[PDB]
Amino acid sequence: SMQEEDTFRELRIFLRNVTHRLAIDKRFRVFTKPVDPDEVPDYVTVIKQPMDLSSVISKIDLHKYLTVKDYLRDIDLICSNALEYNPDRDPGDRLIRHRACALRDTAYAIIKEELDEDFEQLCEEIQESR
Ligand SMILES: CC(=O)c1csc(NC(=O)[C@H]2CNCCN2CCC2CCC(F)(F)CC2)n1
């Protein structure tokens with residue numbers, strides 16, 4: 001309905017705002033764009049399902065997220081991909097893992113602080129009725 005398309009538009013506006021706040025944070029620059037095979041050859045062969053914040057923004061604009069949980073699944077994938085690709089004790093690996101955990105925790109804390117829980121439930125219920 002018109003009331004339902006209004007709800008999904010508000011969700012997209014909200015998810016764009018959260019994603020932008022993540023993307024301008026200097027800690028998360030490694031997560032803002034896809035990994036260049038020129039510069040990281042092993043990546044596209046260790047990580048079967050790439051994800052980054054530019055790809056999240058494109059999915060929002062393609063109406064691919066109908067619930068906050070669907071969005072957080074791709075945030076969780078950015079983080080779990082980073083932990084999986086950087087398992088070593090090397091300080092470079094520990095640094096990326098630290099930032100990956102901070103990206104995940106920051107997204108969750110923004111949602112917990114600023115999203116109404118009745119709003120997420122409305123999104124769920126509209127979606128389960130389709
Ligand atoms: C998207 C993703 O998960 C990803 C992309 S490259 C990668 N990690 C690396 O290539 C690790 C591998 N082991 C050796 C050290 N490397 C670089 C660490 C160094 C940390 C600071 C920095 F600013 F990030 C530059 C990179 N991970």
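Reading the values: rules and limits
- Residues numbered from 1 in each chain as written, not as in the entry; some residues may be left out.
- Heavy atoms only, no water.
- Residues with missing side-chain atoms left out of burial classes, pairs and counts.
- Helix = DSSP H or I, 4+ residues; strand = E, 2+ residues; numbered from the N terminus.
- Buried < 20%, exposed > 50% of the residue type's maximum accessible area, 1.4 Å probe, protein only.
- Polar contact = N/O pair within 3.5 Å; in protein donor to acceptor, adjacent residues only side chain to side chain.
- Near = heavy atom within 4 Å.
- Areas by Shrake-Rupley, 256 points an atom, 1.4 Å probe, with all protein chains shown as cover.
- Nonpolar A, V, L, I, M, F, W, Y, C, P; charged D, E, K, R; others polar.
- Contact = heavy atoms within 4.5 Å.

Looking up the protein in the PDB entry gives the name ATPase family AAA domain-containing protein 2, with the organism given as Homo sapiens. Looking at the PDB record, one finds the entry titled "The ATAD2 bromodomain in complex with compound 17".

Draft legend 1. Structural context of the environment of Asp-36. Counting through the fold element by element, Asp-36 comes out in the loop between α1 (2-23) and α2 (43-46). Among the residues examined, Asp-36 registers a relative accessible area of 34% and is labelled partly exposed. Separated by 20 residues in the primary sequence, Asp-36 and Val-56 place their C-alpha atoms 17 Å from one another. A polar side-chain atom of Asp-36 sits 3.0 Å from the main-chain amide nitrogen of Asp-38.

Draft legend 2. The arrangement of the site of the ligand in detail. Inspection of the region around the ligand gives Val-35, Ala-82, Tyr-85, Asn-86, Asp-90, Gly-92, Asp-93, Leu-95, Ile-96 and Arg-99 as its neighbouring residues. Contact between the ligand and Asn-86: a nitrogen atom at 2.8 Å from a side-chain N or O atom of the residue. A distance of 2.5 Å separates a nitrogen atom of the ligand from a polar atom in the side chain of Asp-93. When the free accessible area of the ligand is taken as 590 Å², the share hidden by the protein chains comes to 64%. When residues in the shell around the ligand are grouped by element, the largest group, five residues, is from helix α5 (residues 91-114). Within the shell around the ligand, the residues separate by chemical class into five nonpolar, two polar and three charged.

Draft legend 3. Fine view of unusual backbone geometry. Within the chain, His-63 stands out as a residue other than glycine whose phi angle is a positive 55 degrees. With respect to the secondary-structure elements, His-63 resides in the loop between α3 (53-61) and α4 (68-85). Residue classification places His-63 among the partly exposed residues on the basis of a relative accessible area of 44%.

Draft legend 4. Broad picture of the side chain of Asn-86. Note on placement: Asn-86 falls in the loop between α4 and α5. Within polar-contact distance, the side chain of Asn-86 engages the backbone oxygen of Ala-82 at 2.9 Å. Setting aside chain neighbours within four positions, we find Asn-86 in contact with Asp-93, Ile-96 and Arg-97.

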